[PDB]
Amino acid sequence: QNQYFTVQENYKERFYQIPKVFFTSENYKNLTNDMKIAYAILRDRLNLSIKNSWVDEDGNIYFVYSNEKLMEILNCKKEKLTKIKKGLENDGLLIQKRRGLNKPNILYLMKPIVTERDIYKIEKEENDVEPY
Amino acid sequence: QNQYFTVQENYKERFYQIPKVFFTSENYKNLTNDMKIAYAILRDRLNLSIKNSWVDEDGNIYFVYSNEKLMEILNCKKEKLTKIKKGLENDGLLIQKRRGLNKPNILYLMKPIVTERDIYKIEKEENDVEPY
Amino acid sequence: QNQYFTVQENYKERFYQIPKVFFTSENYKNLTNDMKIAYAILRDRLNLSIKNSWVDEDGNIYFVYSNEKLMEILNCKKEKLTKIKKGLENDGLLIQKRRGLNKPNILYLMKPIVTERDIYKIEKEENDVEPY
Amino acid sequence: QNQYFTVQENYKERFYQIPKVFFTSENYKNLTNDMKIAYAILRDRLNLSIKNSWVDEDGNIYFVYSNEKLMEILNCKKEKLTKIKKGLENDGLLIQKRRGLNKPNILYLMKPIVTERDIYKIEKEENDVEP
């Protein structure tokens with residue numbers, strides 16, 4: 001029969017999205033699971049950035065969160081936050097622009113890179129049907 | 001100017017989905033990063049299960065993968081695979097049905113549970129805008 | 001002028017204690033800072049074990065905390081908990097008795113070992129006054 | 001039966017003390033484990049400071065160790081020292097005063113601050129008995 005839309009189902013169907021290229025592309029072999037998870041969590045945060053009007057002249061969405069707020073968002077400690085930021089920045093997934101005074105740094109989450117090998121690999125896995 | 005749809009952007013927008021409840025629920029604190037990610041990879045495999053016609057009489061989608069194959073799917077060693085299955089199973093996120101002999105076990109991925117506290121937390125975070 | 005006893009000073013003078021031997025003895029060179037700190041936090045918890053009547057038949061103090069509880073006490077994730085317990089256990093600083101099922105494992109915190117070299121090293125460090 | 005006081009138990013019961021507020025206070029979240037531990041080690045060195053007569057006219061205890069000596073004390077690298085000193089100073093846990101030249105700088109270890117929230121958290125944890 002025609003079933004209702006439940007609030008339980010609605011919240012079970014909320015997720016953090018990690019790009020598949022993080023598990024196929026060998027250009028992201030250095031990323032740890034914590035980095036992958038963090039990237040996804042920050043990706044989900046982009047929504048709040050827009051509501052906070054954190055958009056520059058070019059239309060790029062960024063973050064103006066303090067280290068303590070980031071630690072709360074990523075549910076991690078200072079040393080882990082530092083390691084995560086460096087890992088993502090190292091792979092061009094995050095850009096940092098330190099501000100003067102004691103102001104929180106400006107963070108720009110970036111989109112991943114995709115090569116032909118990644119496409120090939122991703123397709124092969126998504127079409128890995130059982131042999132008839 | 002109107003933009004084209006590119007194949008790179010298309011594969012760039014392909015991800016694995018981890019339920020948000022796995023990061024707020026006090027019922028999923030035992031899940032490790034590898035377990036959450038594995039769960040998301042298996043959730044995505046449900047697509048191939050449909051193409052493989054792995055649907056029981058009740059319409060429930062399941063898996064008929066050998067442990068070796070699961071290892072390749074989750075890209076982990078037998079040691080880790082055993083740990084992941086147990087972790088997901090203890091939290092009711094995975095059900096196993098042994099067919100004995102050499103017939104691969106039947107795995108059923110399950111949907112997470114959501115409580116009032118999970119809804120409260122998720123919603124709290126979803127609307128955590130910077131105060132005026 | 002005599003001073004009062006203030007609550008600020010009182011709470012300011014509360015600490016977690018880490019055995020100095022963890023920084024002199026080479027028998028503990030494998031311990032990470034998280035392990036040394038965790039050890040100190042569990043040490044402080046012994047006070048609560050007594051109140052919970054968690055005392056062995058021989059008078060030994062133990063813990064009956066679930067993995068969820070320990071994670072909260074040590075403010076860390078599942079992965080960290082496992083690594084901490086393993087590290088303390090490998091150095092004889094922690095004894096773990098499993099009860100299987102969903103019953104919390106019995107944990108016995110242990111006192112460190114001190115050798116002549118440890119004595120020598122510790123004595124020299126706290127007597128390291130500046131030469132005349 | 002009555003037991004003796006052993007030297008092994010005496011040295012076994014020697015520790016570095018880290019303020020609990022460093023794990024509850026939302027004002028010390030930026031302190032890394034190395035910073036907390038370094039602070040505790042320096043708190044212990046205050047003893048040696050007194051023996052070295054490193055006390056100003058106001059009775060305040062200070063340090064006059066060279067950077068390379070601090071590296072040995074804390075058992076860390078020069079780069080790590082710079083980070084530890086910076087982190088402690090940002091949270092008002094350490095004060096530095098220069099004297100120019102190669103003359104070692106004057107370091108003043110400071111006591112942490114406690115808020116109503118810290119008190120509430122600490123007291124809550126210290127009375128967290130099994131229901």
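Each chain gets a letter, A, B and so on, in the order the sequences are listed, and its residues count up from 1.
- For A:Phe23, the ring-ring contact (aromatic ring centres under 6.0 Å, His included) partners are B:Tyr16, not counting sequence neighbours.
- The side-chain contact (heavy atoms from CB on, under 4.5 Å) test applied to B:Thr6 returns B:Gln8, B:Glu9, not counting sequence neighbours.
- To the nearest 0.5 angstrom, A:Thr32 atom OG1 is 9.5 Å from A:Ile37 atom CD1.
- Other residues, nucleotides and ligands contribute over 12 non-hydrogen atoms within 6.0 Å of the CD atom of A:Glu26.
- Nearest heavy-atom pair, A:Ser53 versus A:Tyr62, reported as atom, atom and distance to 0.1 Å: O-OH, 4.3 Å.
- More than 12 non-hydrogen atoms from other residues, nucleotides or ligands lie less than 6.0 angstrom from NZ of B:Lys69.
- Here the side chain of B:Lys36 pairs a donor or acceptor atom with the backbone of B:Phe22 at under 3.5 angstrom.
- Residues forming a side-chain hydrogen bond (donor to acceptor under 3.5 Å, both in side chains) with A:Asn10 (at least two apart in sequence, or on another chain): A:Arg14.
- Under the 4.0 Å criterion applied to side-chain N and carboxylate O atoms, B:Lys20 and A:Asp44 are assigned as salt-bridge partners.
- Although no hydrogens or angles enter the test, the distance criterion places no donor-acceptor pair under 3.5 Å between the side chain of A:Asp118 and the main chain of A:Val21.
- Between the CG atom in A:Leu70 and the CD1 atom in A:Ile41 there is a gap of 11.0 Å [rounded to 0.5 Å].
- The ring-ring contact (aromatic ring centres under 6.0 Å, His included) check on C:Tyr65 picks up C:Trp54, C:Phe63, with sequence neighbours excluded.
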N/O donor-acceptor pairs under 3.5 Å from side chains in residues 73-84 of chain D, not counting sequence neighbours:
| unit_1 | atom_1 | unit_2 | atom_2 | d |
| --- | --- | --- | --- | --- |
| D:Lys80 | NZ | D:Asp34 | OD2 | 2.8 |
| D:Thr82 | OG1 | D:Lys78 | O | 2.9 |

Output a table of donor-acceptor pairs, distance under 3.5 Å, between side-chain atoms of residues 91-110 of chain A and any protein atom two or more places apart or on a different chain; print 'none' if there are none.
| unit_1 | atom_1 | unit_2 | atom_2 | d |
| --- | --- | --- | --- | --- |
| A:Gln96 | NE2 | A:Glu89 | OE1 | 2.7 |
| A:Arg99 | NH1 | A:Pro104 | O | 3.2 |
| A:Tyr108 | OH | A:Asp56 | OD2 | 3.1 |

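- Here the NZ-CZ distance, from B:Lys111 to B:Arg43, works out to 8.5 Å after rounding to the nearest 0.5 Å.
- Side-chain N/O atoms of A:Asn127 and B:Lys51 include no donor and acceptor closer than 3.5 Å.
- From B:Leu88, atom CG reaches atom CG of B:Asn30 across 11.5 Å, with rounding to the nearest 0.5 Å.
- Counting only N and O atoms by type, the side chains of B:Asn52 and B:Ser49 include no donor and acceptor under 3.5 Å apart.
- A cation-pi geometry, defined here as NZ or CZ lying under 6.0 Å from the six-membered ring centre and within 45° of its normal, does not hold between A:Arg117 and A:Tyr120.
- Salt bridge D:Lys29/A:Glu72: absent, no basic N to carboxylate O contact under 4.0 Å.
- To the nearest 0.5 Å, atoms CG (B:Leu31) and CG (B:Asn90) are separated by 9.5 Å.
- A distance-only check finds a donor-acceptor pair linking the side chain of A:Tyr28 to the backbone of A:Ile113 [under 3.5 Å].
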